[PDB]
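One chain is shown next in structure tokens, namely the form deposited in one PDB entry.
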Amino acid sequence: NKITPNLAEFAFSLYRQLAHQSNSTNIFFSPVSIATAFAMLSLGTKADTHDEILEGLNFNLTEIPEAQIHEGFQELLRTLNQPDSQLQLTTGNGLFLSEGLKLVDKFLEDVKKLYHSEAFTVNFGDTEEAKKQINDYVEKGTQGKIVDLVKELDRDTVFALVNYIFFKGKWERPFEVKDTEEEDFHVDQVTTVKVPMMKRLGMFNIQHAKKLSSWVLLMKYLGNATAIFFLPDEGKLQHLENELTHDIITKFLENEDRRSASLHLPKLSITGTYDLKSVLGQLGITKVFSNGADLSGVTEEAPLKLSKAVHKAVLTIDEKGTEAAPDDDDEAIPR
């Protein structure tokens, strides 16, 4: 899939913006879900509004033709929904449209074909009913992990685009629950909490990487996924965060070598909820949220702008594997 290196650099770009936004808190997000939502939205935009979005997702538009971007997403999404038998992985997209809104037919055709979007009509005027239809859809897609996503919803909303993934993978070799023991986790130099620390003696793809000043551990899932964990040496977290690139990840993923190691990894459950406007603005995605946004590819009835772009993601790690689910909620109003 040819949009991959673009998505990997978009992950590191967005990560760095979120870390600079709040540098001492948990971070968890889905680069693929956000890139899917905004690439789908770009089908309804024109001119610089459009180009800012795809460039912000790290596409060069004078290098990759736009048809190939969208077909790249179309295939990505199809692969995501056809995992190996041992991995649970799904994704979907719902486009909740104001009842009565006259759309540009080509938009509705393109989101259905390229992004597999399920279109629904709703009355944003009945705020409790519209919130329930969106939140039920997200709760179903995320298999119960993101509940009551939308709490407040503008009566003048023209559309809400909602994109999710569901992930549940099993470690290729699970931890034994009997071996999990409470240990100290050093949040910072003056703060220690207790955590259930899982452990196993195993053959791991594990190395200490000079360029990152970090241990680098690959944890294979059964089926078509791997988790890569980076443990920075003392004082080196910011350095590690700055120095990750797609070429570095690729080199780690391509190496087959394993060595005997005693791994201790915490069981955990974390969540991120993010307003993406400012961070995506730092990535250059600005006009689509503004009083100049050109969403005339969506509707020619009246100008729009994107009012809201929120991302929520949940992660659970335990002895069996990992479960994770993001959702994007991108809402447009008349401008």
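Just count from 1 along the sequence shown to find any residue number.
What follows is about the form solved in complex with a partner chain, which we do not show.
With the partner omitted from this view, the residue of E118, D110, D154, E243 that lies near its partner chain in the deposited bound form is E118 [heavy atom within 4.5 Å]. Put simply, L77 is close to its partner chain in the deposited bound form: some heavy atom of it is within 4.5 Å. Interface residue remark: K132 is counted as part of the site for its partner chain in the deposited bound form, having a heavy atom within 4.5 Å. Looking at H239, you'd find every heavy atom of it more than 4.5 angstroms from its partner chain in the deposited bound form.
Contact check for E71: no non-hydrogen atom falls within 4.5 Å of its partner chain in the deposited bound form.
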